[PDB]
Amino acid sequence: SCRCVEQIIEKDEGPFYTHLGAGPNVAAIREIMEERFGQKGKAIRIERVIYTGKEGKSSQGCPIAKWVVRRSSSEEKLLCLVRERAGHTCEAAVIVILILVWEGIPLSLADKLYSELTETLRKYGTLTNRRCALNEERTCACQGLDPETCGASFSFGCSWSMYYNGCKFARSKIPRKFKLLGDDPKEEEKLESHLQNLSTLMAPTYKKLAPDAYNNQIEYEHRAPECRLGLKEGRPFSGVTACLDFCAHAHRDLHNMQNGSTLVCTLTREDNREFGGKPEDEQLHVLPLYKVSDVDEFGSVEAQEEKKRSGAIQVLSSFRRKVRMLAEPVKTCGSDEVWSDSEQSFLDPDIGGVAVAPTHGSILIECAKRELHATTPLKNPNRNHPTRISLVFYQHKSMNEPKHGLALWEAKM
């Protein structure tokens, strides 16, 4: 382990890791997942995806989906995406790259967080600028152009910093982990309470469904408690980002800690909260370097064709649409209409773009540090009534000092 080859050419077989789960064959994965979830059979659905290393993107460089994995029934509880490693016959020949639990949190609590975060971030939220907010040319308008309504990212908790090679709060007497506009401690505590309670609720589910990644993240819980979220023993998270109609361009989260993962809690607008329903718009979570198999979990071609026809796997087609492009790139230190298209991505069967359509209250686990990932731009982004809110829970690298690493930094004298 391993001897199937003599070097790991990730650029071809894809990134290799096992802390979400690994096994000799797809059947093995099902055994693991049935045991973890505590449910055999139809509750669990496994989709083979294939690493192609060729990125699906629009003519302007923005995210697109080529296939959508959709919840097949109310009977489906757990979605797993597995990669069969090209040219391997060992005990980690198949690995888990994504876990999605459809019924992640209580719907009543999801409904509430939707209202409360939308209202709170609206009024007091100070947005966090991220590289993945723009395409590579830095001229797209995927978030919308109205500053008041555009899709945005709001980051809370602790973050790693290059200046300190540690927590950004190295020099902070009393850190404000849930900092809002100006200074309004009653709103900030209200936000905190919501996100701490949510951190607390999700950690047990993280442990249950991805033990090894979870255990990696709590190794230093008692050494750096100031850089952890959560209200109870077992605190895998350190940072949390809220994304409101935010189009995250293809990226990896480089600052995240090695051998961890990301948990994403999804909240949707009220028109998209029933199974099978027909929402005006919809945001997808995409893995641009993968394609779907010709075959289902158990090896059948016909079973996989049924899913394509039922819609459990939606095969999308090329599209021409108009989008705006800034006259001048966004820096760091007016616009025109342009025809965007995806024909090229769709022409090549090996250009990727496997997407999932995460539901209200669902929880998605992936190794965002390793896998390229993206979210699709909304037709009409409006963070005042967003089509989708995602709450992304993570822990950065080198967050293992007490007191946000205060002593270690003052020691650098």
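Between two forms, the rigid core is the largest collection of C-alphas that superpose within 1.5 Å. Note that residue numbering begins at 1 and tracks the sequence as displayed.
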Larger mean CA deviation from the shown form in 5 other deposited structures of this protein [core fit; 273-281 vs 289-297]: 273-281
Could you find out if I8 - modelled in this structure - is missing from at least a third of the other PDB entries compared that contain residues on either side? yes
Would you mind checking whether any residues of the deposited sequence sit unmodelled between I174 and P175, and how many (none, 1 to 3, 4 to 9, 10 or more)? none
Select between 212-220 and 307-315 the stretch whose C-alpha atoms have the higher average B-factor in the entry. 307-315
State which stretch shows the higher mean Cα B factor in the entry: 339-347 or 133-141. 339-347
Among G157, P288, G277, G234, where is the Cα B factor highest in this entry? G277
Among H373, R70, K42, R370, which carries the highest Cα B-factor? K42
Ranked C-alpha temperature factor of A22 among modelled chain residues, by third: middle
Can you tell me which third, lowest, middle or highest, the CA B-factor of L263 falls into for its chain? lowest
Quick tally, chain-level thirds of C-alpha B-factors: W102 sits in the lowest
Grab the CA temperature factor for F298 from the record and place it in the lowest, middle or highest third of its chain. highest
Comparing against every modelled residue in the chain, figure out the third that the C-alpha B-factor of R228 lands in (lowest, middle or highest). lowest
